[PDB]
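Notes for the one structure printed next.
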Amino acid sequence: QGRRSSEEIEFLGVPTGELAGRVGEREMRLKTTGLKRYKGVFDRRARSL
Amino acid sequence: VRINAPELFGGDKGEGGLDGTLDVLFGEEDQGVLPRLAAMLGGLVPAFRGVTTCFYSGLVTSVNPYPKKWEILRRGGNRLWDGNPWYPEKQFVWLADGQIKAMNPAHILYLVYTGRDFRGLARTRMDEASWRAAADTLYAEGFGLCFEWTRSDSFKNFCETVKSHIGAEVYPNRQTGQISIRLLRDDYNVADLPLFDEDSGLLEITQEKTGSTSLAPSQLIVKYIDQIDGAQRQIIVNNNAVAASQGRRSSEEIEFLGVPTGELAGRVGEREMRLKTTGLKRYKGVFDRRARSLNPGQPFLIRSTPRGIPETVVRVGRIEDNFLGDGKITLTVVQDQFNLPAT
Amino acid sequence: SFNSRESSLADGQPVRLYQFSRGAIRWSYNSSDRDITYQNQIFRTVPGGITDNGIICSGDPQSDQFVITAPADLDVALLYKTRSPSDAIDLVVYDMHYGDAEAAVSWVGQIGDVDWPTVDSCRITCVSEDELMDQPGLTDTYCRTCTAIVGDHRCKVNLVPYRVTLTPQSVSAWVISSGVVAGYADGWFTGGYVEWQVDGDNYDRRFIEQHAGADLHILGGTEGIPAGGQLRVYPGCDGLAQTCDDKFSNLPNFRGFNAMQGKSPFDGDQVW
Amino acid sequence: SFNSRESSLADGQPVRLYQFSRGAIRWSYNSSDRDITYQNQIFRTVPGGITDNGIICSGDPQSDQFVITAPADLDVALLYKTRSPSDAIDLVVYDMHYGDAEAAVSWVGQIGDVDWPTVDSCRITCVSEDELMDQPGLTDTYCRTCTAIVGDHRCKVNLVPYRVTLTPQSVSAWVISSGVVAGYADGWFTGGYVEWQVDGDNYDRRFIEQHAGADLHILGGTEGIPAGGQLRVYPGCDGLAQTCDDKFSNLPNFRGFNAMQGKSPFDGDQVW
Amino acid sequence: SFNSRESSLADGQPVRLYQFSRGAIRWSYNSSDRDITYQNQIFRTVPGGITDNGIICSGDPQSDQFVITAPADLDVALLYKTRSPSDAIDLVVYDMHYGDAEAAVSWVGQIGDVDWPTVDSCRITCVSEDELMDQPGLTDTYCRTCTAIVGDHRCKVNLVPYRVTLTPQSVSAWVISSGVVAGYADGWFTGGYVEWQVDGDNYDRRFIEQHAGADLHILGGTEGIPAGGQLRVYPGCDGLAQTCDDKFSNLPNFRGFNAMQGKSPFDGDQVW
Ligand SMILES: [Fe+3]
Ligand SMILES: [Fe+3]
Ligand SMILES: [Fe+3]
């Protein structure tokens, strides 16, 4: 990144800092890993999903 | 700083006063650690670099253990810009016999865009000429503003507020790619501006937007904050001509909290009144490649004899061009009625 | 017979009439191919026809607009081409059947907006009185100034003695100059407006940005001002109590609050 | 002659050129059926053609996107298929007419999004620098930790001495193991990132979830990491003042507030 | 074989079955042209066919509706024509292939809305249990009254002893009159509801606006009330503590707060 960027997320339900960090690592990995999204078309074989 | 007010609240016979010693650490690049603060607090005491901090020690109150809330006035603008101020000769605007040290809004926008602590864009990406001209014009007009950051909102909101306060457009130039700023002022020559005609590069004009005059307000209330005391103040702008025609009174309230002086607020309020009650004509024209070099906020002339529209000065708005495929270049323009009076 | 004709299954001959009125001047148009005489009023036939889109009454002023389509040469709409008239053009719509002298009123309103999408057509958006209820209604502030437009029903100041009738000396793009006003102190006319007769009993009004010596600054330019026409100019009130009483002696009606209180609460922290 | 050709009514030969640049590597494409040489740069011809939808400049970053359509085999877009490159691909668009050596710059920006709706096509959404102004700008909190990313312009810490160059011993789906890092205390590399050369002067960066012994945990998996390529690994700062000074001795630049105050107001209820 | 048939490329014979159930009464319909027997249940064939629009599961109750199209003479939908039944009609949708005795459950829900756009068709909007989560969940107020509907799980009051079975004397448009209730004090039945058997083990309930002498006022009119059918009428609780204990002696379960405090804070200004 050329310039610093920051966002604020509130997890007021979290009672301990370690738990908040555990979930924050998940959020960071999700938001910076570059997910690939697909919109597929399926026949009846995908009926039970 | 030696603050001497032991009897501010009546002393012993009252509620006490303010007596003590105040030490201020603004947070310079080379600011060192204050021995007194670290010694008193102890532990791992950093230099508190990069942030303005103060250390007070002394009497706060007496008789009752309930200290009172404080209010501190503080000017700023020079300690910003990290280490390299930009065009400092016009950074500040002096008002009210030097009482108010207002800052040029152009400098605010430049700092926000290029500030390492805000966005950190390369200084090479900004068109120096346009920004310098805007700063010079603003300083000549003596148009300064004061602001405070506590909303924690996106840069877009603050930038939009600043633009509305000053009446300017900030766009990324399509040709050179740098950020350019254009002021909406009647500082143009009629001849040099390009002309567009049915035979000169105009395809079709569809929207007319004749507008109306019986509507629109007759009285405008402008609310501003005076920085000397920080107390809410307002001014009233009236439109006698429209008021006489109006059957019943109408009023609107607009807040310009960035304005530090009533005269400046009235100057901008007159512009707003003229814009909102002069009956602008809006056109949605269609042009060929001859309108390729236009940019947002650029005024130009349009003539179309069949429509009965004489040579008219309009300012560019929304732009949608199609260089490949349809070949349609469509522009939305508004009549030129933007001007900031100096009195 | 109008209601009977409407209920009739074979005599339906709809014809819609429009009446644009501005004080003493009326414009009459009809959607048929021939002129119609009604109540001693003849309605012109517009080459190309005049038609609307329908009437909507849903209780939402923003959505219940009335649209009129007519050629670009329509006389009533031509006025809006250069500048919107100061007064609002009231519009009344009648409905009648050919061969019958009875008509029913359908829509009543005023011009809201006019535009010319094509050289061969013009679209007029008509608004009803219900749309005037969207603006605020506070109209009250505890500030030092008067907070009243000179001459309003609250100031109760008669401007007829202050009326000045004059013929302008020279008219420019933005400045109208006259020597008669040169005899008044600077800023005497600031805040006033200029009214002059356009046609019949209707006048167009323009506000004044500033008055200085013999030159008057007109907001929005001087376009449309006749160079030799008779002009009526009224003064303007700054709103200050000293200005209100020294000039107009209307202090008893002064609506401003000069020195009652600026901040003083009765639930503060320290009175001294 | 470019402007003259644009004004010309019979010499119109539009041709749009695209230049995708990432540091020292440039990709050149043209929308015509033959290669074009401009400024000593030859633009390849894509079988099937490359075309856009138009340029919009309305002041709204969300709405003023630029869309590119090209086959699914496009080289520059192929990189995004597996993982987005760490660096942003700057894009510059030129306009020129066949037979003329002069071109005009039209659009400048960077890749915003890429997708492959069909096997025979690919759609690229390009964003301008104006869209980077929607994120907040607070970037300030009065908390105990440093509130600064190690190595940023605020920490002023030089990581070049701490650079470690190594060849990984074994690479797994989520864990990259090397014996050289086994000699460091647990958590030494936690918070750091791994950078390695992909092509030319461009490197791809990956953050580290945790460091334990000889095994390194890579956020998002180890896909794309060469099994024998040279890797550069930097440490990470926890942000605590003790961590900041004991390891890096950067306490004077410590941006955190460890023990100045947690809640203490001067307008509370009872000091004791 | 249902799954095998679905995977089969040549035996696809889709048939959708609908089962509308209300307690002890079930309505069975099929989309084919002949009746289908499944689990000892035969599904009628509707002349004109019954078809849906599809199943959506996006997590948004407002958007994930299920639509059914059927003729206007459908028996199950005919009930809603005059008044919505008191109980909700649960709907279960099965899927099976002709010639196979196995079916799979696809959708489960209840009737949400019914309308008759055309004389030859009817549209039914079915909602899932997820839509019942949009209403608030506070359900708590510190007021004087009980804040509990008589007979709910919180009041714990048995209404079976108070049940009164009677045959109405006369039925009018809005008033149902009976002499048996004339022997009770005015307002005894106020707040109660009347339930009577419609079909099988299902009853329709109606609330009572007011009770006065021998006349009972029914909210929303008395339409649908049989003139000679047997009716069960229950009393109603005003909610006042005196009313709760004197009549029902349920004061220990009184959920209201009569005289604990109306405003008294412990951080006010002056206690006296
Ligand atoms: Fe007055
Ligand atoms: Fe650090
Ligand atoms: Fe109860």
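For neighbour counting, all protein chains shown are included, and Cβ atoms are generated from backbone atoms with ideal geometry for every residue, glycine included. Read-outs: derived from the displayed coordinates by stated rules, not from any lab.
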Amide H neighbours of D:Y234 under 5 Å, at least 5 residues apart or on other chains, H built in the peptide plane: list them. D:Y193, D:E195
Given a cut-off of under 8 Å on Cα pairs at least six residues apart, what relative contact order in percent is computed for chain B? 12
Roughly speaking, what % of Cα-Cα pairs in region D:78-186 are separated by over 15 Å, rounded to a whole number? 82
Please list, ordered by chain and number, the residues whose modelled amide H lies under 5 Å from the amide H of D:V46; skip anything fewer than 5 residues away on the same chain. D:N30
When you look at the Cβ of every residue in D:128-136, what mean number of other chain Cβ atoms sits within 10 Å? 6
Chain D - Debye-derived log10 I(q)/I(0), Cα point model, q = 0.08, 0.13, 0.14, 0.15 Å⁻¹: -0.53, -1.02, -1.09, -1.16
Go through B:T261, B:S245, B:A342 and say which Cα lies farthest out towards the positive end of the charge dipole of region B:239-343; charges sit on Cβ, +1 for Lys and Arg, -1 for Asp and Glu. B:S245
Quick calc, region E:193-266, dipole around Cα centre from Cβ unit charges on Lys, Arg (+) and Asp, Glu (-), nearest 20 debye, gives 380
Per Stokes-Einstein, at 25 °C and 0.890 mPa s, what whole-number D in µm² s⁻¹ belongs to region B:1-153, with the Kirkwood radius over Cα pairs as the hydrodynamic radius? 129
Counting DSSP beta bridges with both partners in region B:180-319, what percentage is antiparallel, nearest 5? 65
Each residue of region B:77-91 in turn: what ³J(HN,Hα) in whole Hz from Karplus with 6.51, -1.76, 1.60 and θ = phi - 60°, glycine and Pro shown as x? x, 8, 5, 6, 6, 6, x, 10, x, 10, 6, x, 4, 10, 5
Two-decimal log10 I(q)/I(0) for chain B, as the Debye equation yields it once each C-alpha is a single scatterer, q = 0.09, 0.12, 0.14, 0.15 Å⁻¹: -0.69, -1.05, -1.28, -1.39
Classify region B:3-85 from the C-alpha gyration tensor, please: rounded if a/c falls under 1.5, else prolate or oblate depending on whether a/b exceeds b/c. oblate
Cross-link reach from D:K247 to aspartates and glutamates, straight Cα distance under 13 Å and at least 8 residues apart if same chain, gives D:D238
Tell me which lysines have Cα within less than 24 Å of B:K281's Cα, excluding those fewer than 8 residues away on the same chain? B:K163, B:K209, B:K328, C:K81
Can you pull the mean other chain C-beta count within 10 Å for peptide B:316-325? 6
Determine the shape class of region C:19-58: with a ≥ b ≥ c the square roots of the Cα gyration tensor eigenvalues, call it rounded for a/c under 1.5, and otherwise prolate if a/b is greater than b/c, oblate otherwise. oblate
For the protein assembly as shown, the Cα gyration tensor yields equivalent-ellipsoid semi-axes (√(5λ), largest first, whole Å) of 56, 53, 45
What order do you get for B:164-176, E:208-220 when each peptide is scored by the mean count of other beta carbon atoms within 10 Å, highest first? B:164-176, E:208-220
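Charges at C-beta only: +1 for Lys and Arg, -1 for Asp and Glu. How large is the resulting dipole of region B:1-148 about its Cα centre, in Debye rounded to 20?
Using only the charged Cβ atoms, the result is roughly 260 debye.
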Using the Karplus curve 6.51 cos²θ - 1.76 cosθ + 1.60 with θ = phi - 60°, work out ³J(HN,Hα) for each residue of region D:179-195 in order, rounded to whole Hz, and write x for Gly and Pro. x, 5, 5, 5, x, 9, 5, 4, x, 4, 8, 4, x, x, 9, 10, 10
The alpha-carbon center of region C:98-138 and that of region E:49-121 are separated, in whole Å, by 46
Can you give me the long-range amide H partners of B:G285? Hydrogens built in the peptide plane at 1.01 Å from N, cutoff under 5 Å, separation of 5 or more residues or another chain. B:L331, B:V333
Alpha carbon convex hull of chain A, volume per residue in cubic angstrom: 157
Shielding of B:3-15 by partner chains, average beta-carbon count, 10 Å: 1
So, with +1 on the Cβ of K and R and -1 on the Cβ of D and E, and no other charges, what is the size of the charge dipole of the protein assembly as shown about its Cα centre, to the nearest 20 debye? 1880
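Round to the nearest 0.05 the FRET efficiency obtained for B:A342 and B:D82 when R0 = 30 Å and r is the Cβ-Cβ distance.
Result of the calculation: an efficiency of 0.35.
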Round to the nearest 0.05 the FRET efficiency obtained for D:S63 and E:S106 when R0 = 41 Å and r is the Cβ-Cβ distance. 0.50
Sum -39500 (n - 2.57) across every DSSP H segment of at least 4 residues in the protein assembly as shown, then divide by the residue count to get the 222 nm mean residue ellipticity, nearest 500. -3000 deg cm²/dmol
At q = 0.11, 0.20, 0.23, 0.26 Å⁻¹, what is the log10 ratio I(q)/I(0) for region D:133-221, with the Debye formula run over Cα points and no solvent? -0.42, -1.11, -1.28, -1.42
Straight-distance crosslink candidates among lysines, where the alpha carbon sits under 30 Å from B:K69 and sequence neighbours closer than 8 are dropped: B:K13, B:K101, B:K223, C:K263, D:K263, E:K263
Using alpha carbon coordinates only, what is the Rg to Rh ratio of region C:192-272, with Rh defined as the Kirkwood radius? 1.23
